[PDB]
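Asker: Begin with these chain(s), straight out of the complex:
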Amino acid sequence: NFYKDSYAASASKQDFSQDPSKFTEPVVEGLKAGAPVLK
Amino acid sequence: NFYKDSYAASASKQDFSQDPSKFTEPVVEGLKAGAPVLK
Amino acid sequence: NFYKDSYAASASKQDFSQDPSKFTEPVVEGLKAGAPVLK
Amino acid sequence: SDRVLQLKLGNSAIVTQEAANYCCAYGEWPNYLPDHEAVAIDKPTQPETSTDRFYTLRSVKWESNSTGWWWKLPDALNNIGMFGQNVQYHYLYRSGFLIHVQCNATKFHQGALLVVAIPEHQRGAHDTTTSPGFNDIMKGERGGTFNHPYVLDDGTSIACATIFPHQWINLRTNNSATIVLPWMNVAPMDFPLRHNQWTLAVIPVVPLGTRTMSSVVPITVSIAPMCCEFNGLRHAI
Amino acid sequence: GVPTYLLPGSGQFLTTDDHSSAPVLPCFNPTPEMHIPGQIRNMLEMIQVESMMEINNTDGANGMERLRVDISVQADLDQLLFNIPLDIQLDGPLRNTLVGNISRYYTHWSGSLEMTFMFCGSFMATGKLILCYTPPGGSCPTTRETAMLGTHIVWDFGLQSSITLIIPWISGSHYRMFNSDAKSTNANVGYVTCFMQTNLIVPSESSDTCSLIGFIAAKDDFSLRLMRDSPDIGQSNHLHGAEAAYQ
């Protein structure tokens, strides 16, 4: 980026961080694999 | 290559590896020079 | 030269080697300065 | 030494006393699908001996005016034995093939057959813009016949067909041809009923001829799938 | 100066290009970032959330009635209850789902899908169902004896209200694709069918017709490629008020 303002830069396509659980498993108590979910 | 995707790069004309035998001699038993091929 | 083929390069104007004698004195026996050429 | 050979797979074996070495297509050998190339995630079935064995198809007669024969794989075997059953019950299949073409005659007979394994042999139709139909392509165990072997029925040429894995059966020299074929495709597995990886072509470049007692001279094809794997189990089609 | 030459492509405007460009407001200081709940960084995170399949997409079924499949106490055995076409790239029960909607912004896909069904009958209602996934190749099975030969899960109604049928990625090619031909070898995924394993059985005071709600989602072995405009939205005229933005 030859411009003085950083917002002028090209795209930033390097953020590979993810956390699907905030959408797929937003339950307070984690669900164990194989174990009956309701006990 | 100033582009972010590697497939955008210029041509790759440096692969000098060869193995003609896969086409010229695909026989299971290598043929010895001078020796009768059928024995 | 940013091209991949060397023959694409700009001119080569740095060969200052010379040997005029191949044209000016192609005689088998070198001629000595001052000495009679025919003896 | 390189004229005699025994091939043994499963409960089947074949010997020849007049071979000409044998061909390993592109210098490769069949193998099972490695984890780093796999796509389908269900555990595959590898029946081994029930499918990896020699299947002998019906013979054809080599006549003075024959144009040549062809068999597409896996189509030719899709309805034979346990290989055929696995193919019908599974959406996906993968395998190599050991091909052995047989043809014997007499020391007084002459003739030369080009035995070539063609990858992706997409046929063309003659003198029409209409593409070949399903029945023109899928002949099954019976195989098909060449209309214009000179151009490999695809507008190219038999002259340059030697660029493909092959051998010849020249009657004065040998009586069989053997070609080992590895899985050949752009995908690790495929649906066996709609795509043929290889086409076995047997073409008489030099016609059968003799002045001795005339006899029926057959050409027989035996094919053994190798390293068979099947995925996507369901009901039979 | 520096000797240069313009290449083909010079001066063009490619909508997918990626370059820096002149800042309109120099020395502008953007509002400080603040933590906000629910940040999403990859669309694959969104499609892993299961959403309702519109299985009852039939004439006569209106609105939410289309989002549930009613099953009744049967008089005959091994009864077929319903089936579901599987091309998440074509219109059908799977199109208006999180995975379906986002996938339709792409052309190629790969990965396992998961279908979860929740039984919504009364507590006193019992039953066993069999959910089957049939890889492609033939016609959709119409009898349990045939469907049962494919991938399946036998579901017993009970305290745990839901069952999951995994539709494992089973394909010859790395990816499947959309090309508007549902019968293409690179598109057809196969079928999902549901039959009574036993029967829905309920007492006199429980409703004898119960509903199931089917959900679908992608697993984390999913991948989407080749972005394209979605076929699910379009316009033939200016939206109301659009022209007023110029007045």
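Answerer: Sure, I can see it. Residues are numbered from 1 along each chain as shown, chains lettered A, B, ... in the order given.
Asker: who in chain D is up against chain B?
Answerer: D:1-3, D:20-28, D:163, D:165, D:173, D:180 (CB under 8 Å from any CB of the partner chain). For every residue, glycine as well, the C-beta is placed using N, CA and C.
Asker: What segments of chain A are helices?
Answerer: Under the criterion DSSP state H, chain A contains helices at A:21-24.
Asker: on that earlier part again, quick check on the residues of chain D next to chain B: which are buried?
Answerer: Buried residues within the residues of chain D next to chain B, counting neighbours by 16 or more other CB atoms under 10 Å in any protein chain shown: D:2, D:20-28, D:165, D:180.
Asker: tell me which of the residues of chain D next to chain B is nearest to chain A?
Answerer: Chain A lies nearest to residue D:28 out of those, by CB to the nearest CB, at 37.1 Å.
Asker: count of neighbours near the closest residue to that closest one other than its chain neighbours?
Answerer: Closest residue to residue D:28 apart from its sequence neighbours, by CB to CB, 6 or more residues apart in numbering or on different chains: residue D:182 at 4.1 Å. Each residue near residue D:182 was counted by other CB atoms under 10 Å in any protein chain shown, and the total is 19.
Asker: For residue D:182, give me its contacts.
Answerer: Counting by CB atoms under 8 Å, 6 or more residues apart in numbering or on different chains, residue D:182 makes contact with D:25-26, D:28-31, D:96.
Asker: How about the backbone phi and psi for the residue sitting nearest the centre point of chain D?
Answerer: Geometric centre of chain D, nearest residue: residue D:200, 3.7 Å, by CA atoms, centre = their mean. Backbone torsions of residue D:200, given as degrees, to the nearest 10, read phi -90, psi 120.
Asker: cool, and residue E:217?
Answerer: phi -160, psi 160.
Asker: what do you get for residue D:25?
Answerer: Here residue D:25 shows phi and psi, under degrees, to the nearest 10, equal to phi -50, psi 120.
Asker: I'd guessed it sits against residue D:183; true?
Answerer: No: contact criterion CB atoms under 8 Å: residue D:25 and residue D:183 do not qualify, at 10.4 Å.
Asker: show me the contacts for the residue in chain E that chain A sits nearest to.
Answerer: Using CB to the nearest CB, the single residue of chain E nearest to chain A is residue E:23, 3.9 Å away. Applying CB under 8 Å, 6+ apart to residue E:23 gives the contacts A:3-5, A:7-8.
Asker: Further, place chain F onto the existing structure:
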Amino acid sequence: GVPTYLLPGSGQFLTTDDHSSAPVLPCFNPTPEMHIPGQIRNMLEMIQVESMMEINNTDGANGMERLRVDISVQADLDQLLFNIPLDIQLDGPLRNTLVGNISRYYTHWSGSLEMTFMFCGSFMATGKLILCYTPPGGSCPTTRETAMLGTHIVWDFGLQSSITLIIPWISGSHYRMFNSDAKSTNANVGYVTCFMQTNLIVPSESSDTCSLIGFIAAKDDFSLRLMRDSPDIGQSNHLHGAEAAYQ
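Answerer: So that you can see how it sits with the rest, here is chain F on the chains above:
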């Protein structure tokens, strides 16, 4: 900014140029590579495979009959059986071969060629032939006494069915070239002729007319330069269905 100036050539589109260009689909992830049998990296690998020469390119010879040369039991001695023109850059027996077809995509060539002939008569048939390569300069030899003075191999029919005649690279210049003049000093390769060394001899029950199949290929000392459009393919109209690609 940087002071610059455009050079002649700026803005042109050279079909053989080599530059990077804007990726149409950013962040696209190509399908993983998979090992596939038969990879070829240099076209020279292809031309080293021998293919059939169309030696019997005569009126009356149809299809595959053109790919074999029939020889019969002779009544006279030292008989000429056939000859073969050698410009792999012009139409003739060598044009539709792997080496011929690929070479015709180029203009310059250098290297040794090899011709292999397979005798396809019966086992009881015997014979000796002489295959001769005559470097350029004169008229094609018509008698064995003359042909025999050039490069040659005397072939004895037997268990080993094939013989190879090497056509060594013998040229004044590093490369030979095509210029549509077969008699040019930089094009003419010379001639190949075949005579009976003794005679084809067979018993009563063997066919008394036998065929030879001739093959040709380049050796690994071969080199091709200056790519050009091949003269072996062309079109004067749109192919069927081409215009339909726009409908």
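Asker: Please reconsider the contacts of residue D:182 now that chain F is part of the model.
Answerer: Counting by CB under 8 Å, 6+ apart, residue D:182 makes contact with D:25-26, D:28-31, D:96, F:37.
Asker: again, 10 Å this time
Answerer: D:24-31, D:95-97, D:165, D:197, D:226-227, F:35-38 (CB atoms under 10 Å, 6 or more residues apart in numbering or on different chains).
Asker: Would you mind measuring from it to chain A?
Answerer: Residue D:182 is 37 Å from chain A, where distance means CB to the nearest CB, to the nearest Å.
Asker: neighbours around residue D:111, how many?
Answerer: Using other CB under 10 Å, residue D:111 has 26 neighbouring residues.
Asker: any idea how far residue D:214 is from the closest residue to it other than its chain neighbours?
Answerer: Once flanking residues are discounted, residue D:111 sits nearest to residue D:208: 4.0 Å by CB to CB, 6+ apart. Going from residue D:208 to residue D:214 by CB to CB, to the nearest Å gives 10 Å.
Asker: Compare those two and say which is more crowded by neighbours.
Answerer: Each of residue D:208 and residue D:214 has its neighbours counted (other CB under 10 Å); residue D:208 has more, 22 against 8.
Asker: immediately after the strand or helix carrying that one, which helix or strand?
Answerer: Following DSSP states H and E, one finds residue D:208 within strand D:198-209. Going down the chain from strand D:198-209, the next helix or strand is strand D:218-233, by DSSP H and E.
Asker: is any part of that next one close to chain F?
Answerer: No: judged by CB under 10 Å from any CB of the partner chain, strand D:218-233 makes no contact with chain F; its nearest approach is 13.6 Å.
Asker: Report the angle between that strand and strand D:198-209.
Answerer: Interaxial angle of strand D:218-233 relative to strand D:198-209 (axes from the mean of the first three to the mean of the last three CA atoms, to 10 degrees): 180 degrees.
Asker: Enumerate the positions of strand D:218-233 that are buried.
Answerer: For strand D:218-233, a neighbour-count test (16+ other CB under 10 Å) marks D:219, D:221-233 as buried.
Asker: do the same with stretch E:27-43
Answerer: Judged by neighbour count (16+ other CB under 10 Å), stretch E:27-43 contains no buried residues.
Asker: Wondering if it reaches chain A at all.
Answerer: Yes: looking at stretch E:27-43 against chain A by CB under 10 Å from any CB, the contacts come from E:27-30, E:37-42.
Asker: Of those, which belong to strands?
Answerer: Counting by DSSP state E, none of the members of those fall within strands.
Asker: Further, place chain G onto the existing structure:
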Amino acid sequence: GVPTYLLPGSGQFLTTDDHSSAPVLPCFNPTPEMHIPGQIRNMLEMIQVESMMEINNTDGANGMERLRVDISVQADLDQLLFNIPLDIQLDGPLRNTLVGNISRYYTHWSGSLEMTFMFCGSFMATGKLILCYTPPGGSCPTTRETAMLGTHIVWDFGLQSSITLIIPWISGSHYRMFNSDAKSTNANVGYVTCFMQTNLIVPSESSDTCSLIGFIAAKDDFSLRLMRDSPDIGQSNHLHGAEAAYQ
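Answerer: Just below you will find chain G, in place on the chains above:
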């Protein structure tokens, strides 16, 4: 991207520019170099070779007669035999020589010249001549007493057949130049004259008229600058066959 701006000169095609340019045939492998006799790297090497001056450029002298100067037995003393104009940049005896031809592709020159004369009379012929170089300033000398005051060499005919008169670089300015004005102070080199020092003397059976062949060349202290089109070649029409190159 990089901010830039085009300078005056951008887009122009200067015939003497020096830049790299797109290779028409990528991956082309030029023919290997081979040693060849007589390589020349600087044109100054060529002009150091002496070549024949056309001193007898007179009406009546045809062809090679113009390349030799005939001298006869004189009846009078101190006789003037011939003179030679010296502007190697204008038409005259020096123009069609190696040094003259190459120099005319340039505008400025500096360095010593050397004139060598070979006596071609019979062995029995004797004589002494005086060759004089007169630096510029006045009219060409017509008497030996005047010419003798300049740079000179007295030549005695004998076994060594040739004599060399050095025309040393004597100029006020570093270089002399051509401007089509032979009398310009920056162009005129002066004069060369030849007189009998004694006389040509021969016996009755020897020819009494003998020829001299004059040669000229540059020494290695020579330098040429400012290339220009040569005035020694030109065309007003298409050459024969030029237009046929388009048919």
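Asker: same question on the contacts of residue E:23, but with chain G included?
Answerer: Here residue E:23 is in contact with A:1, A:3-9 (criterion: CB under 10 Å, 6+ apart).
Asker: Pull out the buried members of these.
Answerer: A:5, A:8.
Asker: Report the closest residue of chain A relative to chain C.
Answerer: Nearest residue of chain A to chain C (CB to the nearest CB) works out as residue A:2 at 20.7 Å.
Asker: hang on, that residue packs against residue F:1?
Answerer: Yes: counting by CB atoms under 10 Å, residue A:2 touches residue F:1, with 9.1 Å between them.
Asker: Tell me which of the two has more neighbours.
Answerer: Ranked by neighbour count (other CB under 10 Å), residue A:2 and residue F:1 place residue A:2 first, with 11 against 8.
Asker: how close does that one get to chain G?
Answerer: 6 Å.
Asker: Can you name the residues that contact that residue?
Answerer: A:8-9, E:20, F:1-2, G:1-3.
Asker: can we see that at 6 Å?
Answerer: By CB atoms under 6 Å, 6 or more residues apart in numbering or on different chains, residue A:2 lies in contact with nothing.
Asker: element containing the residue positioned nearest the centre of chain E, please.
Answerer: Geometric centre of chain E, nearest residue: residue E:100, 3.5 Å, by CA atoms, centre = their mean. Assigned by DSSP H and E, residue E:100 falls within helix E:98-103.
Asker: Check residue E:117 too.
Answerer: Assigned by DSSP H and E, residue E:117 belongs to strand E:113-119.
Asker: Can you give me the buried ones in that strand?
Answerer: For strand E:113-119, a neighbour-count test (16+ other CB under 10 Å) marks E:113-117, E:119 as buried.
Asker: Next: stretch D:5-18.
Answerer: For stretch D:5-18, by 16+ other CB under 10 Å, it's D:5, D:7, D:9-10, D:14, D:16.
Asker: repeat for stretch D:147-159
Answerer: Residues of stretch D:147-159 classed as buried by neighbour count (16+ other CB under 10 Å): D:148-153, D:157-159.
Asker: I figured residue E:69 was touching residue E:54, is that so?
Answerer: No: when contacts are counted by CB atoms under 6 Å, residue E:69 is not listed as touching residue E:54 (10.1 Å).
Asker: which other helices and strands contact the helix holding residue E:100?
Answerer: Applying 3 or more CB pairs under 6 Å, 6 or more residues apart in numbering or on different chains; DSSP states H and E, one finds that helix E:98-103 contacts helix E:43-47.
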